[PDB]
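[1] Provided hereafter are the protein sequence and its experimental coordinates.
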Amino acid sequence: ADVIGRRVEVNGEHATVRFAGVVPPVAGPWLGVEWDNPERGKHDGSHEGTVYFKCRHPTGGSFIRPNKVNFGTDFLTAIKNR
């Protein structure tokens, strides 16, 4: 529940999480995202009628597996790595 509202970076593009749960028909864990660029998206958020999360674009939202999402580091670690 606390994961909602956090920004992540996938494929170099920034996105925001809006739903964390099961997204049928494909079982398994899933984390909905909202790509800033709607050109990369595919749907508004719903799928097969089940409305999981809404967005401000008819084609700006997808689902990514947990391991395929990077939340990022903080300031000190970033400065150290740079």
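    Structure's in. What do you need? Numbering: from 1, shown residues only.

[2] where along the chain do the helices fall?
    75-81 (DSSP state H).

[3] tell me which stretches of it form strands.
    For the chain, the strands defined by DSSP state E cover 7-10, 13-22, 29-35, 62-64.

[4] reformat these as TSV; add mean neighbour count and distance to residue 51.
    All C-beta atoms are positioned from the backbone trio N, CA, C, and that covers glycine. Below are these laid out as TSV (neighbours: other Cβ atoms under 10 Å; distance: least, Cβ to Cβ, whole Å):
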stretch	mean neighbour count	distance to residue 51
strand 7-10	14	22
strand 13-22	16	10
strand 29-35	21	11
strand 62-64	18	14
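
[5] residue 72 is nearest to which of these?
    strand 7-10 (6.1 Å; Cβ to Cβ).

[6] other SSEs contacting that closest one?
    strand 13-22 (3 or more Cβ pairs under 8 Å, 6 or more residues apart in numbering; DSSP states H and E).

[7] if we go to 10 Å?
    strand 13-22, strand 29-35, strand 62-64 (3 or more Cβ pairs under 10 Å, 6 or more residues apart in numbering; DSSP states H and E).

[8] re earlier: closest to residue 79 out of the strands of the chain?
    strand 7-10 (17.7 Å).

[9] which other residues reach the closest one?
    Strand 7-10 is contacted by residues 14-17, 31, 33-36, 40, 62, 64, 68-72 when judged by Cβ atoms under 10 Å, 6 or more residues apart in numbering.

[10] for residue 59, grab the count of nearby residues.
    Neighbours of residue 59 under the rule other Cβ atoms under 10 Å: 14.

[11] isn't it right next to residue 44, touching?
    Yes. Look at residue 59 against residue 44 with Cβ atoms under 10 Å: they come within range, at 6.9 Å.

[12] joint contacts of the two?
    With Cβ under 10 Å, 6+ apart as the test, residue 59 and residue 44 both reach residue 38.

[13] what residues are up against the residue nearest to residue 36 when sequence neighbours are not counted?
    Among residues not flanking residue 36 along the chain, residue 14 sits closest, at 5.5 Å (Cβ to Cβ, 6 or more residues apart in numbering). By Cβ under 10 Å, 6+ apart, the contact set of residue 14 is 7-8, 33-37, 72.

[14] good, wrapping up.
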